[PDB]
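S.K.: First portion of the complex, with coordinates as positioned in the assembly:
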Amino acid sequence: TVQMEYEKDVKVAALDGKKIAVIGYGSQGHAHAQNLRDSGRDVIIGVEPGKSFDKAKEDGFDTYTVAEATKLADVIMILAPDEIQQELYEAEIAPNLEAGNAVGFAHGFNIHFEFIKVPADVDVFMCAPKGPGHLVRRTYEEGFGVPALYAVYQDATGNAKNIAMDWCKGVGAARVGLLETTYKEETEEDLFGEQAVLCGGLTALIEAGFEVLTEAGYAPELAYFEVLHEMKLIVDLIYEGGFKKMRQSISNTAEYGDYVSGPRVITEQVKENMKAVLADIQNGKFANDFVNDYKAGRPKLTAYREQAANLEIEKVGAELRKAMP
């Protein structure tokens, strides 16, 4: 069991008096740093020279290099892409850590799969808002926020959980709901969800439907609406009220078709396919494949991206979206 937690469950204001460095100033970094400052926390930014550096000083943040920001900080939150974190950590963060420091991530990939090992006299925590940077910043400004997972990988000080929860509170997530997890569970469920369902499964399902229709001789423009455009309405309904609300709102013909045909398409064998996807997440195979592709100059990602640029549903879709305000 696990109960959702809120501001009243943040027992200790553990970020009190802490010097906070956010590493990276992309959308994610910006949202965290800005939210914490508005909450009333001492935030500085650690990023390599460039546009983000300049914008960081434009926004009024004491901006330093990654190495120096880590030197100054009690709490260091690393918000950079997974594939560059190991290099960045080893070269700029690790030599500038001190005992009793705390290092945070928003996703557990590098820590869980042990591409990064933080010294054992240093806390490692996680606050993982379930939203993109701009939504994390915006909802905070509007007065609430985006819900989040929190976790602790290693607790050297005894303060790590309180730091994680206070970070969550500081970025607005505690205003709407928190769920405690582990680094292992967050990492494996997050990878599995996006691969089997949210991104991989979904786009593949859409593409397969589009192919069946267009290959059967139906017009691609019309197929676009029937497998893609109208999905927003459906998912918005599920988001708000689950399968129940969605199926109430659609016609009984559609509802009946849902019940009857859903299981013909997504079968036991498909569920087995998902189990194989989960297995390669648990055993480290996917993680190694991704890092290896990155190290090799992204050749698989390159081929995937150029292929996806040439999909008929993507060309037709671009034209149709152009033709609609």
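M.R.: That came through, no problem. Numbers count the residues shown, from 1 in each chain, chains lettered A, B, ... in the order given.
S.K.: longest helix of chain A?
M.R.: If you go by DSSP state H, chain A has its longest helix at helix A:231-249.
S.K.: What are the contacting residues of the helix or strand following it?
M.R.: Sequence-wise, the next helix or strand downstream of helix A:231-249 (DSSP states H and E) is helix A:252-265. For helix A:252-265, contacts defined as Cβ atoms under 8 Å, 6 or more residues apart in numbering pick out A:205, A:247, A:250. C-beta coordinates here come from the backbone N, C-alpha and C atoms, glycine included.
S.K.: now the longest helix of chain A, how far from the chain's geometric center?
M.R.: Put simply, helix A:231-249 sits 23 Å off its chain's centre (Cα atoms, centre = their mean, to the nearest Å).
S.K.: Output it as PDB, nothing but the C-alphas.
M.R.: The C-alpha atoms that make up helix A:231-249 are tabulated as PDB, following Å, rounded to 0.1, in the frame of the first residue of the first chain:
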ATOM      1  CA  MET A 231      -7.700  10.400 -29.700                       C
ATOM      2  CA  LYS A 232      -7.300  13.600 -27.700                       C
ATOM      3  CA  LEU A 233     -11.000  13.700 -26.800                       C
ATOM      4  CA  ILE A 234     -10.800  10.100 -25.600                       C
ATOM      5  CA  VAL A 235      -7.600  10.400 -23.600                       C
ATOM      6  CA  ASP A 236      -8.900  13.700 -22.000                       C
ATOM      7  CA  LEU A 237     -11.900  11.700 -20.900                       C
ATOM      8  CA  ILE A 238      -9.900   8.900 -19.400                       C
ATOM      9  CA  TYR A 239      -7.600  11.500 -17.700                       C
ATOM     10  CA  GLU A 240     -10.600  13.100 -16.000                       C
ATOM     11  CA  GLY A 241     -12.800  10.100 -15.200                       C
ATOM     12  CA  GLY A 242     -11.100   6.800 -16.200                       C
ATOM     13  CA  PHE A 243     -12.400   4.200 -18.700                       C
ATOM     14  CA  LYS A 244     -15.800   4.700 -17.100                       C
ATOM     15  CA  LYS A 245     -16.200   8.400 -18.000                       C
ATOM     16  CA  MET A 246     -14.900   7.800 -21.500                       C
ATOM     17  CA  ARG A 247     -17.200   4.900 -22.300                       C
ATOM     18  CA  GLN A 248     -20.200   6.900 -20.900                       C
ATOM     19  CA  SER A 249     -19.500   9.800 -23.300                       C
END
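S.K.: put chain B onto that model:
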Amino acid sequence: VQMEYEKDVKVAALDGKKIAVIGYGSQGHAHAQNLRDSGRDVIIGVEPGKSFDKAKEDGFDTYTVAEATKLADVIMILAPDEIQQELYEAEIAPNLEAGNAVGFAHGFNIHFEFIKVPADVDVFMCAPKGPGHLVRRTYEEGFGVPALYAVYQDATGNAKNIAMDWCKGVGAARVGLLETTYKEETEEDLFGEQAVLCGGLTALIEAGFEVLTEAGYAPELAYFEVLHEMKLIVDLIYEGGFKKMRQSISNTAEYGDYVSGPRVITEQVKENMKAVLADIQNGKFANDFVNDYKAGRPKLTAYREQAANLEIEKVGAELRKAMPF
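M.R.: Next up, chain B placed on what we already have:
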């Protein structure tokens, strides 16, 4: 096929026409209210009284289905697919006159020939791609929902102009119209909802949820990873296709999408979809749906009760209760 707009509606074919909307659910109310706002002469045909009264309250001349038809030049049937044949035979057909026009928002009954309209009467379709609530709402905002239009039989020579002018009257021509046939609209619409939008999607999500919970992961967290976070992804696809979605997610998620999507949705799944399409084309699904209705909805009953006991539905309801927005 090219997208068409208000400028492509040559003739205001609904000019001087007495219009009856049959049915006053969300669909009926949306069409009727939009057309009245567009200045059309609209009456309502519906049984007493829990729809009849709401119609009268809204200020419509409201009659029985039989009497509304008798008065009307154009009759739009906006009742559940499964009850249209009975309603048409008993109340509508006896009150048609040559040169009348009968419309539908979905081609189910006409295409599968559960209903046969006399050869001196036009049969047209305007099929907005959204629920009634949405069709009315967007209209009030000075916007609209895109629509398909089609003609099944054209006795007067005016059927296409009638269909397009209906589309225009309900606000659809403000955003975009696509011409189709009754056959392609019916078959593509049934296939999309069954294989992808509703059936495929809910089954995909449920399978993901099962895999996670059966592997020992917490269901609260599984809810977010296969359902809650899907809205963000689909909003991105709605706005900019697979391309925009995959630009916006992490490179880790994007790579996982490309690699695991095809592992889950395979050639065999595509074959499963082809079987779904076939049972739509050959009329087997249509007969199954109507036969379930005639038998007192026993399959729908069992399906609905099973769906109410889904763990993802119970957990999701409790989680959505714990979250405001």
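S.K.: back to the contacts of helix A:252-265, now that we've got chain B?
M.R.: A:205, A:247, A:250, B:80-82, B:106, B:108, B:190, B:193-195, B:198-203, B:269, B:272-273, B:275-276, B:285, B:288-289, B:292, B:299-300, B:303, B:307 (Cβ atoms under 8 Å, 6 or more residues apart in numbering or on different chains).
S.K.: which parts of that helix are buried?
M.R.: Within helix A:252-265, the residues that count as buried by 16 or more other Cβ atoms under 10 Å in any protein chain shown are A:252-265.
S.K.: now stretch A:46-61
M.R.: Buried, per 16+ other Cβ under 10 Å, within stretch A:46-61: A:46, A:47, A:52, A:53, A:56, A:61.
S.K.: Among those residues, name the ones in strands.
M.R.: If you go by DSSP state E, these have residue A:46 in strands.
S.K.: now, which of the buried residues of stretch A:46-61 lie close to chain B?
M.R.: The subset of these within reach of chain B, by Cβ under 8 Å from any Cβ of the partner chain, is empty.
S.K.: Of the buried residues of stretch A:46-61, which is the nearest to chain B?
M.R.: Lowest distance from chain B to these (Cβ to the nearest Cβ) belongs to residue A:52, with 17.2 Å.
S.K.: For that closest one, give me its contacts.
M.R.: By Cβ under 8 Å, 6+ apart, the neighbours of residue A:52 are A:24, A:25, A:26, A:29.
S.K.: between the longest helix of chain A and helix B:230-248, how many degrees?
M.R.: Angle of helix A:231-249 versus helix B:230-248, following axes from the mean of the first three to the mean of the last three Cα atoms, to 10 degrees, is 170 degrees.
S.K.: Identify each buried residue in helix A:231-249, please.
M.R.: A:231-239, A:241-247, A:249.
S.K.: For ChimeraX, write a command that selects the buried ones of the contacts of helix A:252-265.
M.R.: A single ChimeraX command selects the buried members of the contacts of helix A:252-265 (16+ other Cβ under 10 Å):
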select /A:205,247,250 /B:81,82,106,108,190,193,194,195,198,199,200,201,202,203,269,272,273,276,285,289,292,299,300,303,307
